[PDB]
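Encoded as structure tokens, the structure appears first; notes follow it.
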Amino acid sequence: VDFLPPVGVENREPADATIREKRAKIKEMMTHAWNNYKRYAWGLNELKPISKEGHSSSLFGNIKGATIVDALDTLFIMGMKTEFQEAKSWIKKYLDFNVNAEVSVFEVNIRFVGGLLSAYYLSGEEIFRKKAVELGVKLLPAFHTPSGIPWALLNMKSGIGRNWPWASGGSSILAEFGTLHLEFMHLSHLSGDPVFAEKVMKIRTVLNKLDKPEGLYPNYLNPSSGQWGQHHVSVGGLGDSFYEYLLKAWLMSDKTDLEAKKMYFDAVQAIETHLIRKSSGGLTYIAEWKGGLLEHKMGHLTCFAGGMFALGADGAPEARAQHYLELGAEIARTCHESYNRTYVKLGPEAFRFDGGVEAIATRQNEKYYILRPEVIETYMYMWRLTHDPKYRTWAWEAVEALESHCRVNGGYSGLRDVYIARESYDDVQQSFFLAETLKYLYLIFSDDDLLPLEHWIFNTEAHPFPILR
Ligand SMILES: CC(=O)N[C@@H]1[C@@H](O)[C@H](O[C@@H]2O[C@H](CO[C@H]3O[C@H](CO[C@H]4O[C@H](CO)[C@@H](O)[C@H](O)[C@@H]4O)[C@@H](O)[C@H](O[C@H]4O[C@H](CO)[C@@H](O)[C@H](O)[C@@H]4O[C@H]4O[C@H](CO)[C@@H](O)[C@H](O)[C@@H]4O)[C@@H]3O)[C@@H](O)[C@H](O[C@H]3O[C@H](CO)[C@@H](O)[C@H](O)[C@@H]3O[C@H]3O[C@H](CO)[C@@H](O)[C@H](O)[C@@H]3O[C@H]3O[C@H](CO)[C@@H](O)[C@H](O)[C@@H]3O)[C@@H]2O)[C@@H](CO)O[C@H]1O
Ligand SMILES: *[C@@H]1O[C@H](CO)[C@@H](O)[C@H](O)[C@H]1NC(C)=O
Ligand SMILES: [La+3]
């Protein structure tokens, strides 16, 4: 009910000079992304760094300031105190949730609810707690369906929701409704109202009543009927953070959510048996599965699973702890190869395992890189759980690639084709570059006890939450 000073936020300079200098560079990258956001797009959701103006994704409806809220905890942990205060003052005056238009429930939960929650737990500023709970209340009508599986889209003023127009069968998407759990548990903790926890616990009850085809989770679930939609399974986009939040719910509960633990380890065993394959060149990858038929392609989004597997190792029964650490390392290696086999040295959105080269994209519309964090995210977990220096080496390769190819005068831009020398800027500075990509890089080159994993569970937008006991 009452704020306690956060554990593990004391930020010490690393003892090795090269590590200090590398981390200082990452802070300089955040200063570049933030200062240009403020110069050209202050109060708008994202920055267009080439056009030097705002970018307003329809995922956020009429809410403002996504980059401000997403950046709060990164600014705080990097010691950017003046910037943190300037963000806080904007939030107090201008962050407004009583607006028309539809928002993505998933996106607003992971970025706005999550970003405000972390800012509160780090700083103790009650405005963040007040705003997080206000937004949580506004999201409750998304769960007003026969099954309790929430709508994808919600008009927060009218409380009326619907699913994505082109969603397969009108279904709700597994990663979207499956990635509410951590935030809603903290909303119940801080508000004292059990309504929030009950909403996400009901999602569990629905899932556990269903037969899982081959132990796998389809990415589509119909909220009107509570039955599966199309039997498309992926540990990348549309599925991934559901699995992530099974593991993290167990950890964030101080390992008391035994249902989450069983769901997670059952799910990962089925993923290993049905989805995980080895290429002829010896690379481990996680394929997509459509009604039983594997497609031997892996996504940049799927690369988060390396860190997920490793993070789940200590809880697993031995000798599967070492098995999960080694599986996480093999995913990390494959994702590093997908990075290293491009021209720019940042990996494509999806990469295939057929000749003539492995771990490369061939489809033109899959060669892009939109500043995504998942490979660096996996490097961070592997570094913290193994301290193998190659994870810092691989992280620094990504830093140099970002600086050579994504840094522009007006911020950071994504790329359309990581396989060509000529620049191909998409002119969007994604807010998750500041929330996630730069935060995980900064943590990689920090000591282990800055946001130590023993006490902090990262939400899927890299917003750290304390363990609930
Ligand atoms: C095969 C196919 O196309 N299937 C479709 C499904 O993919 C769709 O499911 C989701 O739909 C959501 C809504 O999609 C609509 O809106 C978005 C957003 O548009 C607004 O924002 C953007 C960005 O600022 C802006 O550019 C726009 O102007 C607008 O303001 C649009 O992008 C969508 O447009 C695409 O889809 C249309 C219809 O499907 C097409 O008509 C369009 O031409 C366009 O196609 C593009 O995308 C296709 C799908 O990949 C692709 O086939 C095509 O070649 C082209 O590239 C649409 O209008 C989406 O928001 C949602 O997106 C998520 O998943 C995709 C697919 O993996 C990711 O690429 C994407 O980045 C999102 O991933 C996050 O969210 C998912 C859960 O939704 C998580 O599982 C995932 O982990 C990601 O979450 C992490 O992301 C960050 C880090 O990377 C960070 O936030 C954090 O770490 C998160 O954890 C899906 O696409 C379905 C319903 O629309 O329709 C099917 O047809
Ligand atoms: C990465 O690619 C370069 C070629 O650009 C190669 O020399 C190097 O060995 C590769 N790294 C690994 C770990 O294979
Ligand atoms: La994520």
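Cβ: placed from backbone, ideal geometry, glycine included. Neighbour counts: every protein chain shown. No value in this document is a laboratory result; all are computed from the given coordinates.
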The rounded separation in angstrom of the Cα centers of segment 429-469 and segment 90-138 is 18
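Write out the GluC sites (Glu not before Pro) in segment 138-217 meeting two conditions: DSSP loop, and at most 12 other Cβ atoms within 10 Å of their Cβ. Write out the running numbers ahead of the final one.
Numbers: sites: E176, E183, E198, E214; in loops: none.
In loop regions of segment 138-217 (DSSP not H, G, I, E or B), there are no sparsely surrounded GluC sites (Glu not before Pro).
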What is the distance in Å between the Cα centres of segment 156-173 and segment 389-420? 35
If I model a spin label at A24 and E198 as a point 7 Å from the Cα along the Cα→Cβ vector, what separation in nanometres do I get? 5.5
Quick query: amide H of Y419 versus all other amide H atoms, modeled in the peptide plane; which residues come in under 5 Å with a sequence gap of 5 or more or a different chain? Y343
Output ³J(HN,Hα) for segment 122-134: one whole-Hz value per residue in order, computed from phi by the Karplus curve 6.51 cos²θ - 1.76 cosθ + 1.60 with θ = phi - 60°, and x for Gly and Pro. 6, 9, x, 6, 5, 4, 5, 5, 4, 5, 4, 6, 4
Sequence-distant residues sharing a close amide H with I457 (under 5 Å, placed H): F465, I467
In order over segment 9-19: 3J(HN,Hα) from phi, Karplus 6.51/-1.76/1.60, θ = phi - 60°, whole Hz, x for each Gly or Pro, gives 9, 4, 9, 9, 4, x, 7, 8, 5, 5, 5
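How about segment 1-85: which GluC sites (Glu not before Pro) there are in a DSSP loop, with at most 11 other Cβ atoms within 10 Å of their Cβ? Kindly include the intermediate steps, with their values, before the conclusion.
Working: sites: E10, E21, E28, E46, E53, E83; in loops: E10.
The qualifying sites are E10.
Where a ≥ b ≥ c are the square roots of the eigenvalues of the C-alpha gyration tensor, would you call the chain rounded, which needs a/c under 1.5, or, failing that, prolate if a/b is larger than b/c, or oblate?
Details: a/c = 1.25, a/b = 1.01, b/c = 1.24.
Rounded.
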Please work out the Cα center distance from segment 288-308 to segment 1-46, rounded to the nearest Å. 32
Could I have the simple spin-label model distance between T273 and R407, label points 7 Å from Cα toward Cβ, reported in nm to one decimal? 4.9
If amide H atoms are built 1.01 Å from N in the plane of the peptide, which residues on other chains or at least 5 residues away come under 5 Å of the amide H of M156? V103
With label points set 7 Å from each Cα along the Cα-to-Cβ direction at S158 and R320, the distance between them in nm comes to 4.7
Free-by-geometry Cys in the chain, Cβ-Cβ under 4.7 Å as pairing rule, reported as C406
May I ask you to derive the FRET efficiency for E259 and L4 from their Cβ-Cβ distance with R0 = 22 Å, giving the value to the nearest 0.05? 0.20
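Pop the C-beta distance of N35 and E13 into the FRET formula with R0 = 22 Å and round what comes out to the nearest 0.05. Present the calculation step by step, with values, prior to reporting the outcome.
Values: r = 23 Å, r/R0 = 1.05.
The computed FRET efficiency comes out at 0.45.
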Within segment 108-126, what residues put their amide N at less than 14 Å from the label point 7 Å along the Cα-to-Cβ vector of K81? 123
If we sort 431-440, 222-231 on the protection proxy, mean other Cβ atoms within 10 Å, highest first, what's the order? 431-440, 222-231
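Of the chymotrypsin sites (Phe, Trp or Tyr not before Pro) in segment 378-407, which ones lie in a loop per DSSP and count no more than 13 other C-beta atoms within 10 Å?
On the way: sites: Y379, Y381, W383, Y391, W394, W396; in loops: none.
Filter output for segment 378-407: empty list.
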For segment 152-164, Karplus couplings with θ = phi - 60° (6.51, -1.76, 1.60), whole Hz, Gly/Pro x: 6, 10, 9, 7, 6, 6, 8, x, 9, x, 6, 9, 4
